[PDB]
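Structure file coords.txt; described as compact mmCIF, N, CA, C and O atoms.
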```
# COMPACT_ATOMS: atom_id res chain seq x y z
N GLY A 1 17.59 -38.38 -44.98
CA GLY A 1 18.92 -38.17 -44.43
C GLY A 1 18.95 -38.47 -42.93
O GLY A 1 18.43 -37.70 -42.13
N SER A 2 19.56 -39.60 -42.60
CA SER A 2 19.66 -40.02 -41.22
C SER A 2 20.96 -39.49 -40.61
O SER A 2 20.95 -38.86 -39.55
N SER A 3 22.06 -39.76 -41.30
CA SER A 3 23.36 -39.31 -40.84
C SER A 3 23.60 -37.86 -41.26
O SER A 3 23.94 -37.59 -42.42
N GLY A 4 23.42 -36.96 -40.31
CA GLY A 4 23.61 -35.55 -40.57
C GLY A 4 23.99 -34.80 -39.28
O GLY A 4 23.99 -35.39 -38.20
N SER A 5 24.30 -33.53 -39.45
CA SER A 5 24.68 -32.70 -38.32
C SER A 5 23.44 -32.00 -37.74
O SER A 5 22.90 -31.08 -38.37
N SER A 6 23.04 -32.45 -36.57
CA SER A 6 21.88 -31.87 -35.90
C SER A 6 22.19 -31.64 -34.42
O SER A 6 22.88 -32.44 -33.79
N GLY A 7 21.66 -30.54 -33.91
CA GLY A 7 21.87 -30.19 -32.52
C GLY A 7 23.36 -30.13 -32.18
O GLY A 7 23.97 -31.16 -31.89
N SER A 8 23.90 -28.92 -32.23
CA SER A 8 25.31 -28.72 -31.94
C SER A 8 25.52 -27.33 -31.34
O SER A 8 25.02 -26.34 -31.86
N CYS A 9 26.27 -27.30 -30.24
CA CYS A 9 26.55 -26.05 -29.56
C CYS A 9 27.70 -25.36 -30.29
O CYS A 9 27.51 -24.31 -30.91
N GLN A 10 28.87 -25.97 -30.21
CA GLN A 10 30.05 -25.43 -30.86
C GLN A 10 31.11 -26.52 -31.04
O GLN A 10 31.48 -26.85 -32.16
N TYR A 11 31.58 -27.04 -29.91
CA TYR A 11 32.59 -28.08 -29.93
C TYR A 11 32.04 -29.36 -30.57
O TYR A 11 30.83 -29.57 -30.61
N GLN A 12 32.96 -30.18 -31.05
CA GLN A 12 32.59 -31.44 -31.68
C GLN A 12 33.38 -32.60 -31.08
O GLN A 12 34.49 -32.89 -31.52
N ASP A 13 32.78 -33.22 -30.07
CA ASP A 13 33.41 -34.34 -29.40
C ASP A 13 34.11 -35.23 -30.44
O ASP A 13 33.50 -35.60 -31.44
N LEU A 14 35.36 -35.53 -30.16
CA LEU A 14 36.15 -36.37 -31.05
C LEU A 14 35.66 -37.82 -30.96
O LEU A 14 35.69 -38.55 -31.94
N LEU A 15 35.21 -38.18 -29.76
CA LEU A 15 34.72 -39.52 -29.52
C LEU A 15 33.26 -39.61 -29.98
O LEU A 15 32.76 -38.71 -30.66
N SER A 16 32.62 -40.70 -29.59
CA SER A 16 31.23 -40.92 -29.96
C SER A 16 30.40 -41.24 -28.71
O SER A 16 29.30 -40.72 -28.54
N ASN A 17 30.97 -42.09 -27.87
CA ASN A 17 30.30 -42.49 -26.64
C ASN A 17 30.68 -41.52 -25.52
O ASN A 17 30.96 -41.94 -24.40
N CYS A 18 30.69 -40.24 -25.87
CA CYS A 18 31.04 -39.20 -24.91
C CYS A 18 30.02 -39.24 -23.77
O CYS A 18 30.37 -39.41 -22.61
N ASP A 19 28.76 -39.06 -24.15
CA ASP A 19 27.68 -39.07 -23.18
C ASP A 19 27.75 -40.35 -22.35
O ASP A 19 28.03 -40.31 -21.15
N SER A 20 27.49 -41.47 -23.02
CA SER A 20 27.53 -42.76 -22.36
C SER A 20 28.69 -42.81 -21.37
O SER A 20 28.58 -43.42 -20.30
N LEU A 21 29.78 -42.16 -21.74
CA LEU A 21 30.96 -42.12 -20.90
C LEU A 21 30.73 -41.14 -19.75
O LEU A 21 30.55 -41.55 -18.60
N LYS A 22 30.73 -39.86 -20.09
CA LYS A 22 30.53 -38.82 -19.11
C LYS A 22 29.41 -39.24 -18.15
O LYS A 22 29.52 -39.07 -16.94
N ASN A 23 28.35 -39.79 -18.73
CA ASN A 23 27.21 -40.24 -17.95
C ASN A 23 27.72 -40.92 -16.68
O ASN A 23 27.13 -40.76 -15.61
N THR A 24 28.80 -41.68 -16.83
CA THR A 24 29.38 -42.39 -15.71
C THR A 24 30.84 -41.97 -15.52
O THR A 24 31.16 -41.22 -14.60
N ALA A 25 31.69 -42.47 -16.40
CA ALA A 25 33.11 -42.15 -16.34
C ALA A 25 33.29 -40.68 -15.99
O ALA A 25 34.16 -40.32 -15.20
N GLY A 26 32.44 -39.85 -16.59
CA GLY A 26 32.49 -38.42 -16.35
C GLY A 26 33.67 -37.78 -17.09
O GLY A 26 34.75 -38.35 -17.15
N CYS A 27 33.41 -36.60 -17.63
CA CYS A 27 34.43 -35.88 -18.37
C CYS A 27 35.75 -36.00 -17.61
O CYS A 27 36.82 -36.00 -18.21
N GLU A 28 35.63 -36.11 -16.29
CA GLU A 28 36.80 -36.24 -15.44
C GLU A 28 37.83 -37.17 -16.09
O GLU A 28 39.03 -36.97 -15.94
N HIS A 29 37.32 -38.16 -16.80
CA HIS A 29 38.17 -39.12 -17.48
C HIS A 29 39.25 -38.38 -18.27
O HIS A 29 39.26 -37.15 -18.32
N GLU A 30 40.13 -39.16 -18.89
CA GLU A 30 41.20 -38.59 -19.68
C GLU A 30 40.89 -38.72 -21.17
O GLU A 30 41.49 -38.03 -22.00
N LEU A 31 39.94 -39.60 -21.47
CA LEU A 31 39.54 -39.82 -22.85
C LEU A 31 38.46 -38.80 -23.23
O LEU A 31 38.47 -38.28 -24.34
N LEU A 32 37.56 -38.55 -22.29
CA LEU A 32 36.49 -37.60 -22.51
C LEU A 32 36.75 -36.33 -21.70
O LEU A 32 35.82 -35.74 -21.15
N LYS A 33 38.02 -35.96 -21.63
CA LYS A 33 38.41 -34.78 -20.89
C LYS A 33 38.32 -33.55 -21.80
O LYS A 33 37.71 -32.55 -21.44
N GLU A 34 38.93 -33.68 -22.97
CA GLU A 34 38.92 -32.60 -23.94
C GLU A 34 38.26 -33.05 -25.25
O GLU A 34 37.52 -32.29 -25.87
N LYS A 35 38.54 -34.29 -25.61
CA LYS A 35 37.98 -34.86 -26.83
C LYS A 35 36.46 -34.90 -26.72
O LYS A 35 35.76 -35.03 -27.72
N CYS A 36 35.98 -34.77 -25.48
CA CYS A 36 34.55 -34.79 -25.23
C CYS A 36 34.14 -33.40 -24.72
O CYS A 36 33.31 -33.29 -23.82
N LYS A 37 34.75 -32.38 -25.30
CA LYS A 37 34.46 -31.01 -24.92
C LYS A 37 32.94 -30.79 -24.97
O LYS A 37 32.36 -30.27 -24.02
N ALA A 38 32.36 -31.18 -26.09
CA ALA A 38 30.93 -31.03 -26.28
C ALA A 38 30.19 -31.56 -25.05
O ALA A 38 29.65 -30.79 -24.27
N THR A 39 30.20 -32.88 -24.93
CA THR A 39 29.54 -33.53 -23.80
C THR A 39 29.82 -32.76 -22.51
O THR A 39 28.94 -32.65 -21.65
N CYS A 40 31.04 -32.26 -22.41
CA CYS A 40 31.44 -31.51 -21.23
C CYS A 40 30.68 -30.18 -21.22
O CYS A 40 29.75 -30.01 -20.43
N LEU A 41 31.09 -29.29 -22.11
CA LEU A 41 30.45 -27.99 -22.21
C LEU A 41 29.08 -28.15 -22.87
O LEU A 41 28.05 -28.08 -22.20
N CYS A 42 29.11 -28.35 -24.18
CA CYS A 42 27.88 -28.51 -24.94
C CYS A 42 26.96 -29.45 -24.16
O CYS A 42 27.42 -30.32 -23.43
N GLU A 43 25.66 -29.23 -24.34
CA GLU A 43 24.67 -30.04 -23.66
C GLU A 43 23.34 -30.00 -24.42
O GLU A 43 22.82 -31.04 -24.83
N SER A 44 22.83 -28.79 -24.57
CA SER A 44 21.57 -28.60 -25.27
C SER A 44 21.32 -27.10 -25.51
O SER A 44 21.17 -26.67 -26.65
N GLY A 45 21.29 -26.36 -24.41
CA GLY A 45 21.07 -24.93 -24.48
C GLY A 45 21.46 -24.25 -23.17
O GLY A 45 22.41 -24.67 -22.51
N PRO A 46 20.70 -23.18 -22.83
CA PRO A 46 20.96 -22.43 -21.61
C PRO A 46 20.49 -23.21 -20.38
O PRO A 46 19.40 -22.96 -19.86
N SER A 47 21.33 -24.14 -19.94
CA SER A 47 21.02 -24.95 -18.78
C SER A 47 21.12 -24.11 -17.51
O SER A 47 20.16 -24.02 -16.74
N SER A 48 22.29 -23.52 -17.32
CA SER A 48 22.53 -22.69 -16.15
C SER A 48 22.16 -21.24 -16.45
O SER A 48 21.30 -20.66 -15.79
N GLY A 49 22.82 -20.69 -17.46
CA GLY A 49 22.57 -19.32 -17.86
C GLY A 49 21.07 -19.04 -17.97
O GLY A 49 20.66 -17.90 -18.19
```
Hey, can you dump this file as structure tokens for me?
Amino acid sequence: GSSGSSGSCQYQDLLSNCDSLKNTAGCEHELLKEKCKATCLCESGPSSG
């Protein structure tokens, strides 16, 4: 099983190239503003906390 749900905080970015985007464009964008909630909020784990 290659295509599956792995590593997820909570939100589910509507887009796909959220990272690639945020990476540069940054969530600041309007496309990856909310639709890229994950990339925005979600990341991996307790980064700051």
Residues within 5 Å of segment 1-14 of chain A, all atoms listed in the file, excluding chain neighbours under 5 positions, as a compact mmCIF listing (two decimals) with N, CA, C and O atoms, in the coordinates of the input:
```txt
# COMPACT_ATOMS: atom_id res chain seq x y z
N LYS A 35 38.54 -34.29 -25.61
CA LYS A 35 37.98 -34.86 -26.83
C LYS A 35 36.46 -34.90 -26.72
O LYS A 35 35.76 -35.03 -27.72
N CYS A 36 35.98 -34.77 -25.48
CA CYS A 36 34.55 -34.79 -25.23
C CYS A 36 34.14 -33.40 -24.72
O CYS A 36 33.31 -33.29 -23.82
N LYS A 37 34.75 -32.38 -25.30
CA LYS A 37 34.46 -31.01 -24.92
C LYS A 37 32.94 -30.79 -24.97
O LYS A 37 32.36 -30.27 -24.02
N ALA A 38 32.36 -31.18 -26.09
CA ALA A 38 30.93 -31.03 -26.28
C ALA A 38 30.19 -31.56 -25.05
O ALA A 38 29.65 -30.79 -24.27
```
Between atom C of residue 42 of chain A and atom N of residue 30 of chain A, distance in Å (one decimal): 17.2 Å
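Taking atom C of residue 48 of chain A as the reference point, atom C of residue 25 of chain A is found at 22.4 Å.
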Between atom CA of residue 33 of chain A and atom CA of residue 20 of chain A, measure the distance and give it in Å to one decimal. 13.6 Å
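Selecting alpha helix (DSSP H) from the backbone DSSP output for chain A yields residues 18, 19, 20, 21, 22, 37, 38, 39 and 40 of chain A.
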Residue neighbourhood residue 17 of chain A, 8 Å, all atoms listed in the file, exclusion window fewer than 5 positions, as an MDAnalysis selection string: chainID A and resid 22:24 32 36
